[PDB]
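Take a look at the structure set out below.
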Amino acid sequence: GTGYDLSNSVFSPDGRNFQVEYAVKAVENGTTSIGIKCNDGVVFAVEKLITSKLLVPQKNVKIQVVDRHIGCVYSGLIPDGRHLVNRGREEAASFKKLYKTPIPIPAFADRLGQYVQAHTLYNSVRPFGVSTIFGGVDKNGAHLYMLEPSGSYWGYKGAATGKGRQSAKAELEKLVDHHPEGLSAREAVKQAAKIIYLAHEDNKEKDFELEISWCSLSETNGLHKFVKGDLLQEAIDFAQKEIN
Amino acid sequence: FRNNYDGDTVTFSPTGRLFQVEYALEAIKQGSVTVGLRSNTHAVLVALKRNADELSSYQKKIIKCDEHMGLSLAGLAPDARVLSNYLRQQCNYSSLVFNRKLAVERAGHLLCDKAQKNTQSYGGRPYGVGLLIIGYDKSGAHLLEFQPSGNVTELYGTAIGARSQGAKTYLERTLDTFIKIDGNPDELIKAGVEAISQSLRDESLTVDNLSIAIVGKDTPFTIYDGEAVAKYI
Amino acid sequence: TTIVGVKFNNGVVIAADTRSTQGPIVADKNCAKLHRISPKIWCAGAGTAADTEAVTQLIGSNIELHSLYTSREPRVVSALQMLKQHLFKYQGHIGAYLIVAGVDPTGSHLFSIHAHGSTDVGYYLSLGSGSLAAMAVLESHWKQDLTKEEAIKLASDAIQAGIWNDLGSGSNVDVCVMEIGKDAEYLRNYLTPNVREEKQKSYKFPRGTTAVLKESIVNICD
Amino acid sequence: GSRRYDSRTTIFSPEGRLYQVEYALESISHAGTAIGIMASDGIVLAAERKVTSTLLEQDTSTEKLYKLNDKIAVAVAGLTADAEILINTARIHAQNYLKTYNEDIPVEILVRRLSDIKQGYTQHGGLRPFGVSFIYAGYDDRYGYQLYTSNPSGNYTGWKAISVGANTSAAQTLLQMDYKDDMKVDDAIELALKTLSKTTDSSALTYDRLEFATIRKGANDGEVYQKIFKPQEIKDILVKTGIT
Amino acid sequence: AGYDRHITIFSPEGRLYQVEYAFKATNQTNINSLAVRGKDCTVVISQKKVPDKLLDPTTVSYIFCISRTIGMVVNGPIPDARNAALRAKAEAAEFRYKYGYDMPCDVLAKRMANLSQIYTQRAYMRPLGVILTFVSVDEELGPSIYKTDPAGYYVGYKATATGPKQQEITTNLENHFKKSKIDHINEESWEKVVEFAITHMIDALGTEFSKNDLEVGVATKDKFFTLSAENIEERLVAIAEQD
Amino acid sequence: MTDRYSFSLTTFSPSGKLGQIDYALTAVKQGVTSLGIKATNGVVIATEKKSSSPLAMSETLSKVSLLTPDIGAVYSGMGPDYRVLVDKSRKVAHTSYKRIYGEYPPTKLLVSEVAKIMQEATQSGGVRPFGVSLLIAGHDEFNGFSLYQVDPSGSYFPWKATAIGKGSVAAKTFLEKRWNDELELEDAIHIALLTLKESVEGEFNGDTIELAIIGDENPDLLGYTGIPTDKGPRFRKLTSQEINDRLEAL
Amino acid sequence: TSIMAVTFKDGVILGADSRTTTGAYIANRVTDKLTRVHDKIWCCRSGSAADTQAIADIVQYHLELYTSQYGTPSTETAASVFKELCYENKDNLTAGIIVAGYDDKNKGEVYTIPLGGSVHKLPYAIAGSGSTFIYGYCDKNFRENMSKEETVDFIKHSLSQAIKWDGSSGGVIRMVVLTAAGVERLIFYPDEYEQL
Amino acid sequence: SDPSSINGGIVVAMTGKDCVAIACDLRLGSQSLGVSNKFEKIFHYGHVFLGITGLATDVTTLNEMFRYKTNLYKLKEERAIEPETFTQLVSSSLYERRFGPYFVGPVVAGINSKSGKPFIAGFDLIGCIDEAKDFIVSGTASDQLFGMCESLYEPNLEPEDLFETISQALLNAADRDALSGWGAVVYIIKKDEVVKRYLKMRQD
């Protein structure tokens, strides 16, 4: 029969969970966001669609910090992302409380993973309507991750999600090939700005706003910080020039 | 299609839509129009109040949350009572525990997170109301738009409710003028009443028909109704 | 009470006296202080009698269920862990003081457990009010590499120290021998050096001595 | 969510009947007939064992007749497992009463309680009812010998003679015809066996297909005796009544 | 009527479709794995497929270190796999605390099969679309392989294989054991037993492997560990000096 | 989260059937044949080890389980369902009986407990009935030797002999011809082996066949000596070798 | 009880006496107060035998679970788990615990957890009833970056003095050596240490 | 203060030749004040006899509890509970209240209906079983009873002799206890019959 796609924890005859697959659709419908891992850190960037002149610029911050050393960005249902980050923050506090050290990024990845997977186990809950790009610096270097509505996650050299994920993935793949020796923090920021400008064409009708954050061993000491003023404007220019 | 996926908030449609949330959004559109706008010194709410009969009262649209914060509503009024009340408590908790006036931005995030919980769990329902939140905090004047989906946006100006698109285009046009209307409350309200009148159709905005609210630099959030709004008609 | 435990080259032996007391009064001249947790894990108990019987049977039961669940012989360290965690939970209020011993698939074992939940490992141990009499003997005659027979002697002598010198202990000696390759042998009343001498007189009364007021047959059937 | 799969066991039909009670009653109607007859000097319980085999150990068997008290017993028609759940609580209730008042529980009090437990499964908790009908046979010092009946609805009534299970209507008609108030136990025994013998859906009514019990004031005591008939005893009494 | 295919209640045929569809999900990842027993070791081999160039190959794994002595390979989607991994770790740590010895491979297997059985009976829980192969050198049973499915079934194996191409490997291995007549691989070192497993993975699948196509787990007395890309290469070099 | 299936999943249909119980019994019908036979001085339970791979070690999967030293079980239907029922049966024998009278429960009462656990799966919220039928055989001082069948509904009945699963109807018939009330235990083991050969397709040896008895006390199986009143379990699983010995006099 | 842990050039050493007492009775004279909570993280136990064991068992459990998910825990993490238990249950515990561990990145580390459940990271630490008597000796004789042989001698002399004066201390001196090399068990009998 | 010394009361049991005997006094007091001289402390479930000394309210409660449990037992087991088994049921029932115990000293007497073997046992208030081959004593005159029994007793007494013995043991122990006496009752239990006799004794 049918109806296999009306309830969350239900396996279809081919072993799929359609409700999760439907969540992915909401993700694909979202703004494009990305992460680039560099030689000693990680860079996150995202497209903010300017719906109106009335949206105060620089105000509606999308990138989110967890603990002091982890950045999170997501595409899809924005509230769903905040919910996940709220949990991540609890998840990290609990770890730090018992173990004293700040949570390793792989450890934190699984925390989010297990939680997201939990929301595919019961028909009394709905799967998460976001894919999340997150990472930071720990005891053994930089880590970048992307997590899907199924709870699937892996480590990434570079990652993208949302409307322009294909442009971005193509742009990311080139960097991997033209720089096998490892990008640097400053370069990955300029590059980040470029990649968002290039996935913006898949939505070129509405203006947009750029947001970048980074966590680098040498540049931010390991701490997640936002990219502001001069370094943001310099990144904007590099992208604005490489669009022509 | 749609009929099979709109039973509750726990169900995704094949295109990734959540229809119960979209249906909640429809209660906003059916609500009476309300406007919000701010300078760097003040923030203003203007609301068109609706009556049932000419023998009925006009139902209140503006609620105060703290001395520095308040909101206007469009949609299910009880839902606004529940949400303003929660906000009142959060405003209150910040003062008692931290001796700190709650950041309007932070109130934004709290309302988002509270609405969200009702969009992912069984037996719950989305909230059926839109809210416009103005306040004056440690970083100045603020205006927020709350949608029952959980989406909260900071703006210079906006409007929600029936025929709200009128005022929204007016504010979008006026932007550069009103953002500067600092240290003059009566002129910011005038711009707000002019914004709200761009969404009139049915009738004119009368004395017991208008509701205005103001907060800023040295002005605690205060509600104006009736005779007290006369000088703006 | 005097309970001891003594390791030998190929196993472990435990023993106990058979006296129970309330205040100065001997309640039981022949109770059994040796308990079976499983066929090859046995336990000597001192303290509150109900408590050692209960804690021993509870963990025995649960050890049995574990064995069935895992298709394995029970290990002494399992009984040790479960008993200590139980006693710890009851802060001491369960007055069980135990010498736990046995053989299992990791070899032979000897441990002690105190009421508050602390455990000790040794080649020779004693607990109870007779603890010092018996330990004095053990500290005097124990050596490493005892034969099974030397161990039974050493253990049995330790309890005798308790029986003769401690008013808290008396009557008989019970032993249990657990050898690595063999079935555990429980040896109820291994020594009975306290047989009451024949009484001087018989107190059997001429029938009718006792005055009766009234009599009736009791219904047992239904 | 779950609501989808809820059969809603406790709603009314448009005609104001309880679906699950009615269907339970329908299940009861296929069960081996049980007969209860009260006389002046005692009570009789008889029941047809539904489905039998050469290999079924009858000496160790019990499926229809259960002792609740030293003075109360029941005959079962329906699901044996469901009945045992109810029988066990009934034994407890009897003992609770005995401990409280130091008197054996009056027959009705016990019956009302069991009937109340059944009624509850009809009004709340969304569970299926017990697929059981009981005939209660008992003695107490207020009413003497009593015969009661309860069904999945939690309704109960008192009878001079009654049947439950299969072919009740035919059996009720037969009992109505031959029953007389001045009956003795021995006459009641004969009536019960005639009635079952005339309503079996089997070829013939043999001992191995019956359970039999009597509650007698056995006059030589001046106290009441529950006799659960052993297989040989049924074979004897089946000959006396003239069925062989 | 038609809901007998959505939650785990019986169909008129006495079947549980949701369990059957969970078995289907196990193959979603298109990865094959096999396990063999040595004289005093146990080896698991599993294919490693990294399609996307953007991935960090070092984070792509279906092998888990459950405890100091137990390893587990999973055939099925990663999020369910990790769910099962987390549980097994927790269950293994707790067993050691409560009972004072290391949880045996087979006992953990039984425990996970029991949890899986529960999802088979209770409506509110879905089965996990995974198959779990547990391996160790048990201090009592020696080299050990125990495997559990979404039906809550589990058993011990001389050797086993799991995935879309399960049968190819199975028959291959079945043939060896008819030939060798014994119930393990006669080899003293884990290095040669790893080699045997890779060799028979190559014959049965008819495919050659580079150092980045495989993933190996080895269980010895008191450790279970996984081989590095370079440890694999060393194994791949050694087999080539013979073919 | 939270089990919100607080309603029955087994309900009555208009004809009065309990659907899930029927469907469970259907699952039992597909299961490998098992059987029990009661002799004068013992009981035998037997079944076929239907291995799922020649790579599997069939000893690591016992179908005949010990419940108490004098009680054993076997089943037909869903293996995992059986396994958890064994865990529960073993536990309830302790919690509801041993921990209260210091002895193991008589067969009928332990059966009665198992049956209750199965009845509950028929009525409670959010569960399905167990997809198994059990045969429980045991001994106790006051009731002697006794065989019981327990069905998914929770009903149980005492048997002289019976079979469940795949070839039950044929096997039940074969037992009706061969059974008498004077059977010695060895005779019953013989009948059991004959009856099971009709059900087994492939190889029929001590590796394929799983057979257990409830007979005399086994002091050699006790593990300790010194308590006269502990005279050893009456439950004994026969070895591969013990089976093959009786298959030559077949 | 006399217990100590000392960081040196190559790692860290743990030392203890072997006496447990009930009043003036020696309930155990060969006690092992040096307890392993991970391959290269150990602790010294003082106070209640029951309390410290129950605490140590809980910690070992946590660290085993930590290792399964995250990999070798730092000595600092081990100390944190100990602390959390000792602090949160300060009203029902009598546990004086020294945590010492070897790590490749921090060499040897020592954390002391006294009664209230506070944590203190030190080059070396002494505790137990017997420790009072060697505060002077240890303060005067400890140097950083000593050799293994030097460190064995420092602990040996220190504990023998503590054993000498404290009735609650005695038996054998046990040590555990924690370095990159490995874990080494040392034992010193009365006939050797008494005459130092 | 001491719940075991408020109401007062003694129970004693002995084994003989193919028989057992159990006896109690009849007093129920409230400190110095005698309240009732008809307070029997022996009860029986089928052929199993139980005497309880101690706090009267707990004596009554425990009787009602064992009646309840033995009734249920008999319904399920379809046989009368045996002395060995009942002893276990008493023990586990008392230990169940370990930290809020019943203030009682129970005593079990009976002959196993299957084996003919005479059986007695005694318990502490928290369920510890003392299973003597010779005699069990309980109550506020237990010291006196131990003295009487340890001298008067000899093995394998005939029912008529055992009667004389146990009666003297009780009577003379009671007369040295302010809180025991006021009448006395003795049960002589044989396989087949049980005889019950009220003794004549001092009423002070």
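A, B, C, D, E, F, G and H label the chains in the order they appear, each numbered from 1.
Following the convention adopted for this analysis, a contact is a pair of C-beta atoms (placed from the backbone, for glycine too) under 8 Å apart; a residue touches a chain by one contact, two chains touch by 3 or more.
The chains that touch chain A as well as chain D are B, E, F.
Here the spacing of chain G and chain H, counted between their Cα centres, is 57 Å.
Our note on geometry: chain A versus chain C, Cα centroid distance of 66 Å, whole angstroms. Taking each chain's centre as the mean of its C-alpha atoms, chain B lies 83 Å from chain H.
Mean C-alpha position of chain C lies 35 Å from that of chain G. Counting partners per residue, chain E has 6-7, 86, 97, 106, 110, 123-124 as the residues that reach two or more other chains.
Of all residues in chain C, those touching 2 or more other chains are 69, 85, 222, listed in ascending order. Of all residues in chain D, those that touch two or more other chains are 1-2, 4-5. Chains that are in contact with each other form these pairs: A-B, A-D, A-E, A-F, A-G, B-D, C-E, C-F, C-G, C-H, D-E, D-F, D-H, E-F, E-G, F-H. Residues of chain D touching chain F in their complex: 1-2, 5-9, 20, 23-30, 53-57, 60-61, 63, 79-82, 84-85, 125-129, 131. For chain H in complex with chain F, the residues that touch the partner chain are 76-77, 79, 85, 88-89, 91-92, 114. Chain D meets chain A in the complex at residues 1-2, 4.
Chain A contributes residues 118, 122, 124-125 to its touches with chain F in the complex.
In the complex of the two chains, the chain F residues touching chain H come out as 99-103, 106, 109, 112, 141-142.
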